[PDB]
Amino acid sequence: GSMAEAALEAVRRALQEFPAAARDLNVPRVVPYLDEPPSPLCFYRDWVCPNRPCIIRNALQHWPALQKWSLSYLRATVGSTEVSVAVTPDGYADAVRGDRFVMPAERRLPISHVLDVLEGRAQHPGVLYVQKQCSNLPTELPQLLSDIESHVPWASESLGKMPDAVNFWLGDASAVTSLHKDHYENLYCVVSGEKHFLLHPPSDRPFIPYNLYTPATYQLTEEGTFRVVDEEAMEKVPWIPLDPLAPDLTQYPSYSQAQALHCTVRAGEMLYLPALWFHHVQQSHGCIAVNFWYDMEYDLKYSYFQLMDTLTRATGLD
């Protein structure tokens, strides 16, 4: 009883010293750069396997998109094409608001209307963001495929597979993607503008809070009003209620024990965002990006993460 108490402290002390031990060993202080694409072997040994991020330069110039993709170009090329647009009152789709996890209001708008809202020629309630992931580029904007590649060759050879998804990203400067993780090896390419990433290694998990949230979706009405409507067709989704920009260190003090990485990834640059890595995404106004999702390898590293996630829960560490 008094010994069960001291053992729990020994369990927590191990969990609380793990992120500092793991990051001293595996995680670099700053995000390193590659001047040109790595070899498939180098890419796997140096980055994929040890779960390390890096920005890769000079790997997107065989894409015509780098020279062509202006806001005017999208209008002239795919303006009349209708795409899925996220609409949110504040620019935070897929985020914790109050005691709800809130999903964006989805909209079928022409690209030209989206461009108008960004350019000032038109106005819209809330904030817009073309951010339907699940492979929106080949699905909704296939005409743009002729300006890019359908995959990243050297990485497809390295990971030994083809991308599960190729996504299109076009957003307002006020459109922000909150802290989360995916089970994908992510190669993030920006064609115009610039993306600002706040990264956390998966080993920082014991200092990053999760909770179970009743899910809901913004409903945009004719009066330009967003109302949070409960979706009673899905069990709670776990999400991070922490804003890394302005952390609530009174309620999540242990987040100060975690350390974030920062990197601005620019036009013609490619970021290797490793699987299970936490990221928080900001963008310049009218930023255009394309990312490739390769499904992660479900090996010991994944099983390990599941354990220590469960352990973080059982010890009430957050």
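Heads up: residue numbers just count along the shown sequence, starting at 1.
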**Segment of higher mean CA temperature factor, 90-98 or 226-234** = 226-234
**Item:** 39-47 versus 54-62 - which carries the larger mean C-alpha B factor in the record
**Value:** 54-62
**Prompt:** Between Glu106, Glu194, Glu185, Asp204, which carries the biggest CA temperature factor in the record?
**Reply:** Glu106
**Request:** Could you say which of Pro244, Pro215, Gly160, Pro209 has its CA atom at the highest B factor, as listed in the PDB entry?
**Result:** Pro215
**Request:** Could you tell me which third, lowest, middle or highest, the C-alpha B-factor of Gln219 occupies within its chain?
**Result:** highest
**Message:** Ranking every modelled residue in this chain by its Cα temperature factor as given in the entry, which third contains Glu82?
**Reply:** highest
**Message:** Among the modelled residues of this chain, does the Cα B factor of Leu300 put it in the lowest, middle or highest third?
**Reply:** lowest
**Request:** Select lowest, middle or highest to describe the third in which the CA B-factor of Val30 falls within its chain in this entry.
**Result:** highest
**Message:** Split into thirds by Cα B-factor across the chain's modelled residues, where does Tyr252 land: lowest, middle or highest?
**Reply:** middle
